[PDB]
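The structure under discussion appears below in the form of structure tokens.
Cβ placement follows ideal geometry from the backbone for every residue including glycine, while neighbour counts extend to all protein chains displayed. Just so it is clear, none of the values below were taken in a lab; they were calculated from the coordinates.
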Amino acid sequence: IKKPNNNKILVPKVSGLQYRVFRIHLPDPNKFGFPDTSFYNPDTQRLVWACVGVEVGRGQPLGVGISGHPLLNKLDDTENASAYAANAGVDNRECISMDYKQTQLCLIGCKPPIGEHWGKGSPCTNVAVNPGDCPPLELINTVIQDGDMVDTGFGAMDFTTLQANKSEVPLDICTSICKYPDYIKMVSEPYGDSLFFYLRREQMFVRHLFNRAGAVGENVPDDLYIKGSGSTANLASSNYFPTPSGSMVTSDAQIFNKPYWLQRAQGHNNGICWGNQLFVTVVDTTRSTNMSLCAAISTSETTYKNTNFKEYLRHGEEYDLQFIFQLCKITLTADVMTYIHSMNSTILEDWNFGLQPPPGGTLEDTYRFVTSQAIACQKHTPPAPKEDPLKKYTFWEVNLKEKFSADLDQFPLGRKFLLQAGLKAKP
Amino acid sequence: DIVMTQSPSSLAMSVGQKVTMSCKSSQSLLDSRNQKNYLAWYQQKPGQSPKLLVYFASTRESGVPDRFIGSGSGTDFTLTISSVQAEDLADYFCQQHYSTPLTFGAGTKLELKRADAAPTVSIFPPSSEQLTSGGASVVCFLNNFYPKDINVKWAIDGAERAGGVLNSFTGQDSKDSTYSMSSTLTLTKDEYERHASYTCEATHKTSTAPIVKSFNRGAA
Amino acid sequence: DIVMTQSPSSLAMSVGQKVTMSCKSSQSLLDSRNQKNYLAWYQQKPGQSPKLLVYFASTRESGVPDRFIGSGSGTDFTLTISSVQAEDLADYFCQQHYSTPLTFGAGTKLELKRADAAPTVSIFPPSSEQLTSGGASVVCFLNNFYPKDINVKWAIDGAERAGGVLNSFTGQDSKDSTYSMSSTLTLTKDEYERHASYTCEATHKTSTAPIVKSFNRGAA
Amino acid sequence: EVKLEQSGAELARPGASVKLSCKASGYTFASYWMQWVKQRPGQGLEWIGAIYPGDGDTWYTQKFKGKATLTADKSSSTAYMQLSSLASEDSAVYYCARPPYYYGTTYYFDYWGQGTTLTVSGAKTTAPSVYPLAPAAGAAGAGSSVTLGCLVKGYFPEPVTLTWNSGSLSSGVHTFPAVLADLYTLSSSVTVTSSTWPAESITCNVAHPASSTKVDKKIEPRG
Amino acid sequence: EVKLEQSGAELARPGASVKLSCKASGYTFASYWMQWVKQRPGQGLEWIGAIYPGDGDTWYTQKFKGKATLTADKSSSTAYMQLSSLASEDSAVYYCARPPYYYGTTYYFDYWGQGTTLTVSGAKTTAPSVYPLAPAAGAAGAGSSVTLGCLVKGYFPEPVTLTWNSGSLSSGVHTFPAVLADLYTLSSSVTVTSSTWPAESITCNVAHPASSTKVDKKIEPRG
């Protein structure tokens, strides 16, 4: 929602099918003393947080929402037809809606979740592209941003570029690029620090069978059938697409409101969150319910009229986060320092070591020549490497910095952490 | 692969009259689900671009008064025509939209009006410039005659000439509606100054008597 | 972005007669699913508010007798009018409800009744107060003439005056149905007392003879 | 019930700004689309655009893109049209109403408003200028029926009025429509009796409320 | 709007190749099927085939299987017809247009193109040959109305034109249609007045733009 003349948003667009992205800061442990700090040297070493266990609270009453589009390319029912269809007019689009595939997932790690989608690249140049050609396809990884859309079962791609009609799908997805996680490339990471853990459940089934209506891109070669006549003189459009249909939802398949416990993950990180930083990304279809209310512009007249009532739509959203954490130290040697500095050197900035110490070791390869000039050859003066790199990438934010407490007992979640390990006397 | 039959070939008529050409073909343009009829109708005035008249059966195209209304049912069809004015004269076609490849009608040529004519025959024996060229060129002129029907025969000193006969024709004119058709018998000059008298007969239904037009070399 | 053609411009008529204006446009106001026709009809008597008459094709709005019944089919349409009385005279409009932005017809102006008139031409050479003001104001009067058709020309001492011509007109009156149109040629006084005779000719179809009205300075 | 107040009239300078209003009765003012239609004689009906007061969304045809602007307020329950940077051809009637759109209908129109007229550009008010006419070489009343006339010109702005002998004679009263010369001008005539003139009194009475100038001009013979 | 340019005319040798073009306006050139129809007098309408520029798929009727070939390019937005290895009966009008197929329709046709004519085979351009005729044994103008004529033959290629006394007399002007003798030939006549001839001047004027040959031939009595 935005002011009509302005570009400024009046109301933010939100629905369940938007992905969620949570970024969570932690205060530096090493700024942060202890009741008894004697057990380590803070000089020769450091302190770094670790994430043992995680919860996701969700409080709404469970129910399914939905979407549609007023204009949709459609021919007619393909399921049962007494007689052959009618002649194709101009713009037979109709108002029809459908339910999206029910889905649940969870994502955790220190590096942003990596996405992928279909999309258009540049055709190799032999044939000059004429309007109406089939644009070639390309597989593209990208960082995942908030507000992005789950698949509905139409697959990750850019409708905006690849779909000109702009009417071929219901609204919510028409604008953006629905995206989907690739477990492979992610888990293929050498450090695994993208994500160390995850869970997913989803299901779908067919409901209806329809036809696109539009200019035929290609006709099947005849030999795959036999010529018609009369009503069969002409071939109806070849296209079809299913209508995805959500199923019965249960309280059981809910993956939330229940604790988790991590020890070993497919990645070599064990719950280490570098740079005091941690990521969670979660998406649910189950709360999608859309309440609808009506306002009366005139309260007097006693005869019902469709004139008196405007209609609006707002959607509920409820999250909670509770994170266990563990505390850890690091010894320093060369091998250590080396091995880290390889992995991500930016990490070492926010610490001291004590710092001068690895401010680059590498002698240059000797690119050299004039140190002045306005006259002789071109030279470089670009360099800066963008120290808050991902600030380009917007997404939802929460600060915890202030909230830590030192006693599990006082919280609902924690005492379970005790119970799992027992030990009824709090250390 | 089907075949259409387009009849009648030609009809003379008068203003306001109701005339009906016929449509005939092998199979059925029509089976009933959508009750589709595949007949077409096209008007072509001579030399200009054809145009669409009526398809199916009951179609009425935009721009056509009821002077044209479709007719025919089942397989073979007709065209009803209500009241004809001068502009209605044209060369019609009726054809088929069904079962590729396409099939067409023969042709429909409307004939204008009034009644007959009297035949006018003359003869112009070959000028010497034609005999200078080395050939013997004998034509015959028949002008302002209606309808087209005529017969042509050539008797050389009594001996009938079979073959080598050439002809051409010109259609109606606005006033007369009658015709001008040209006849030609042309060979080398060797026979002309040899064979004396020649005979060219014209047989119109007007003047049922066998009107004959002859001539000789060196004489009229 | 389509275009509507509204014809004819004007029609004179008599009581009770059946008259039909035409509707013309590029594309189809009509396709058949709901068989929507997008033509509209509006009546405007001069100076008052317009009003709705008929939309679609076969609409009959509340309060309109069959004196107005829609007509037309396919693309370009017509209006049927049954029997006309005096109150039926007005300025009609027909337009479109389809394919934003909106498209309108040109205009429809009905013309009343009876037959012609005779031309009445006088001349009032400039009064001195006009030449006192410094200009030369030469008008001409034509009153009670029907229909509007007239031609105006100005010959200055025989030399034709091209440009600077001014005109205005008044429509019918109840009784006469005829007209009064004002013609004007006005320049500075410099030429008036210099150039002698001036000539103003009026050409109505009534009195096909080239009726001329002239005058001179200082003389009638 | 169905009612609109299409009010005002205006004359203004070039490049200036203008204002319009249309008001509601017997329905919800903000619940539908609304219209503005420019009425220019010889051209006339033209569809500017439309506006839906709910959010005040707009439609601007290629013609009026830019300069035309539309807003309204429902607490006022009155339409507005805001246009700026005027021009000569801008002068015309802006004659608008509200179509039913919803209302169990679609486009075209159920209604036409009051009407309002706008003229641009202006000058300062001036007084009439009246010179009557007669035939040359003197007029004693000769002929079948003698004719004379007096015209009103050099006046700005509109309107003016002329009456012969306090409207005592309708014969020949064929006052022709006004036009702007840089000062509005019209013409008028009267058909009198050859015998009664010069004898019977002939007087034309000017009436220009704009300049508030009224002049009674008697007509008598002259050379 | 709907428009086609069916252009050119050609005469060529046996066994040669030919070219045709039809161009688009007011729609998408490549979005439908297209047609080619051969127009041969006395036979006339015949449906060659069809082509759909989207991929350029083809239809070749048993008749034109082989020799006929069809392609087009949409950037040109112009139809093509490629035919090779010509023949005599190939000479005819190729007169084509585009049916609606899609368009919310099926076969038959909404339109007819400009038209184009092809003639095969040719020769080299030649000059007219004109021999007028008269009656035998001399003509002084005897009879009710004397008749004379002059014909145009021995000319290639088309066209030619004849006018009697600069078209001063339409009587008898019944120029008969041309035909190819291996040189195009036609005939013409004129009906003159028995009295005015030989007296009044009789002249026929040849006009053959192809050979660019113009000859004014006077007609006078002879034995």
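Listed by position, the strands (runs of 3 or more DSSP E) inside the stretch D:100-173 whose residues that are more than 30 Å from D:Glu10 (Cα to Cα) number at least 3 are D:147-153. Only one of (1) of a type in the set (S, T, N, Q); (2) in contact (Cβ under 8 Å) with a residue 40 or more places away in the chain; (3) over 30 Å from A:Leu419 (Cβ atoms) is not met by A:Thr302, so which one is it? Tallying (1) of a type in the set (S, T, N, Q); (2) in contact (Cβ under 8 Å) with a residue 40 or more places away in the chain; (3) over 30 Å from A:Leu419 (Cβ atoms), A:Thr302 fails exactly one: (2).
If we keep just the residues of the stretch C:172-220 that are among the hydrophobic types (A, V, I, L, M, F, W, C) and touching a residue at least 60 places away in the same chain (Cβ under 8 Å), which is nearest to the other protein chains (Cβ to nearest Cβ)? Filtering the stretch C:172-220 for residues that are among the hydrophobic types (A, V, I, L, M, F, W, C) and touching a residue at least 60 places away in the same chain (Cβ under 8 Å), the one nearest to the other protein chains (Cβ to nearest Cβ) comes out as C:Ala220. When the stretch D:1-16 is filtered for residues that are surrounded by 12 or more Cβ atoms within 10 Å (Cβ to Cβ), among the small types (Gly, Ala, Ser) and not in a loop (DSSP other than H, G, I, E, B), only D:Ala12 remains. For beta carbons closer than 6 Å, sequence separation of 6+ or different chains, a first residue in the stretch A:3-17 that is within 12 Å of chain D (Cβ to nearest Cβ) and a second that is in a loop (DSSP other than H, G, I, E, B) and basic (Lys, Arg), the qualifying pairs are A:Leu10/A:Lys3.
Residue by residue, here is whether (1) within 30 Å of A:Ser229 (Cβ to Cβ); (2) polar (S, T, N, Q); (3) in contact (Cβ under 8 Å) with a residue 60 or more places away in the chain; (4) crowded, with 20+ Cβ neighbours inside 10 Å holds:
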| residue | (1), (2), (3), (4) |
| --- | --- |
| E:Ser84 | no, yes, yes, no |
| E:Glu89 | no, no, no, no |
| E:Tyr94 | yes, no, yes, yes |
| E:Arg98 | yes, no, yes, yes |
| E:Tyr111 | yes, no, yes, no |
| E:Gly122 | no, no, yes, no |
| E:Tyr131 | no, no, no, yes |
| E:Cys150 | no, no, yes, yes |
| E:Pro157 | no, no, yes, no |
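For the stretch A:198-251, taking the residues that are part of a loop (DSSP other than H, G, I, E, B), hydroxyl-bearing (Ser, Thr, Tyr) and under 30 Å from E:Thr106 (Cα atoms), the one that is nearest to the other protein chains (Cβ to nearest Cβ) is identified as A:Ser229.
Scanning the stretch C:143-160 for any residue that is within 11 Å of chain D (Cβ to nearest Cβ), closer than 21 Å to D:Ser188 by Cβ, over 15 Å from the mean Cα position of the chain (by Cα) and not polar (S, T, N, Q) turns up nothing.
Across the stretch E:82-112, the number of residues qualifying as polar (S, T, N, Q) and over 16 Å from E:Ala16 (Cβ atoms) comes to 2.
Per-residue answers, yes or no, for (1) closer than 27 Å to A:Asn270 by Cβ; (2) touching a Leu at 6+ places or on another chain (Cβ under 8 Å); (3) surrounded by fewer than 18 Cβ atoms within 10 Å (Cβ to Cβ):
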position: A:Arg20; (1), (2), (3): yes, no, no
position: A:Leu26; (1), (2), (3): yes, yes, no
position: A:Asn30; (1), (2), (3): yes, yes, yes
position: A:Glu55; (1), (2), (3): yes, yes, yes
position: A:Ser67; (1), (2), (3): no, yes, no
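Where residues in the stretch B:80-102 are buried (at least 20 other Cβ atoms within 10 Å of the Cβ) and within 14 Å of chain E (Cβ to nearest Cβ), which of them is farthest from B:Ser25 (Cα to Cα)? So the residue we want is B:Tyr92. Restricting E:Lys153, E:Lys124 to those that are at negative phi, among the basic types (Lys, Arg) and away from chain B (no Cβ under 14 Å) reduces the list to E:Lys124. Among residues that are out of contact with any strand residue (DSSP E or B) (no Cβ under 6 Å at 6 or more places or on another chain), without any contact (Cβ under 8 Å) to a residue 12 or more places away in the chain and within 9 Å of chain B (Cβ to nearest Cβ), E:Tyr107 is included.
Selection within the stretch D:133-148: residues that are without any contact (Cβ under 8 Å) to a residue 60 or more places away in the chain, aliphatic (A, V, I, L, M) and at the interface with chain C (Cβ under 8 Å from one of its Cβ atoms). The member of this set that is surrounded by the fewest Cβ atoms within 10 Å (Cβ to Cβ) is D:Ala136. Among the conditions (1) closer than 30 Å to E:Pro53 by Cβ; (2) in contact (Cβ under 8 Å) with a residue 24 or more places away in the chain; (3) out of contact with any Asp or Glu (no Cβ under 9 Å at 6 or more places or on another chain), A:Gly228 misses just one, which is (2). For the stretch A:310-366, the set of residues classified as aromatic (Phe, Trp, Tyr), over 24 Å from A:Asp388 (Cα atoms) and in contact (Cβ under 8 Å) with a residue 24 or more places away in the chain consists of A:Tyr319, A:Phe323, A:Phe325, listed by residue number.
Contact map, the stretch C:42-57: first residue in contact (Cβ under 8 Å) with a residue 12 or more places away in the chain, second residue surrounded by fewer than 14 Cβ atoms within 10 Å (Cβ to Cβ) and part of a strand (DSSP E or B), Cβ cut-off under 8 Å, separation 6 or more or different chains; the map is empty.
Among the residues of the stretch B:64-72, not a single one is in contact (Cβ under 8 Å) with a residue 60 or more places away in the chain and surrounded by fewer than 17 Cβ atoms within 10 Å (Cβ to Cβ). If I ask for residues that are surrounded by fewer than 20 Cβ atoms within 10 Å (Cβ to Cβ) and closer than 30 Å to A:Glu94 by Cβ, which ones from the stretch A:135-156 would you list? Within the stretch A:135-156, A:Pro135, A:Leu137, A:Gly147, A:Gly153, A:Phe154, A:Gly155 meet the criteria. Would a scan of the stretch E:13-36 turn up a residue that is within 14 Å of chain B (Cβ to nearest Cβ), over 30 Å from B:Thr108 (Cβ atoms) and out of contact with any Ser or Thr (no Cβ under 7 Å at 6 or more places or on another chain)? Within the stretch E:13-36 (the criterion being within 14 Å of chain B (Cβ to nearest Cβ), over 30 Å from B:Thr108 (Cβ atoms) and out of contact with any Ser or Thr (no Cβ under 7 Å at 6 or more places or on another chain)), the answer is no, since none of the residues qualifies. One residue stands out in the stretch E:49-92 among those that are among the charged types (D, E, K, R) and within 14 Å of chain B (Cβ to nearest Cβ): the one that is farthest from A:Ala215 (Cα to Cα), namely E:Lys63. Against the list (1) touching a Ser or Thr at 6+ places or on another chain (Cβ under 8 Å); (2) under 26 Å from A:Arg46 (Cβ atoms); (3) free of Cβ contacts under 8 Å to residues at least 12 places away in the same chain, the condition A:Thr307 fails is (2).
Every test in (1) surrounded by fewer than 20 Cβ atoms within 10 Å (Cβ to Cβ); (2) of a type outside the set (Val, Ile, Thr); (3) away from chain B (no Cβ under 13 Å) is passed by E:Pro177 save one, and that test is (3).
Among the conditions (1) more than 14 Å from chain B (Cβ to nearest Cβ); (2) in a helix (DSSP H, G or I), A:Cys294 misses just one, which is (2). In the stretch E:195-223, the residues that are without any contact (Cβ under 8 Å) to a residue 60 or more places away in the chain and part of a loop (DSSP other than H, G, I, E, B) form Cβ pairs under 8 Å with partners that are among the charged types (D, E, K, R) and surrounded by fewer than 16 Cβ atoms within 10 Å (Cβ to Cβ), at six or more places apart or across chains, as follows: E:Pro198/E:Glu220; E:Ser201/E:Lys218; E:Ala207/E:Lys214.
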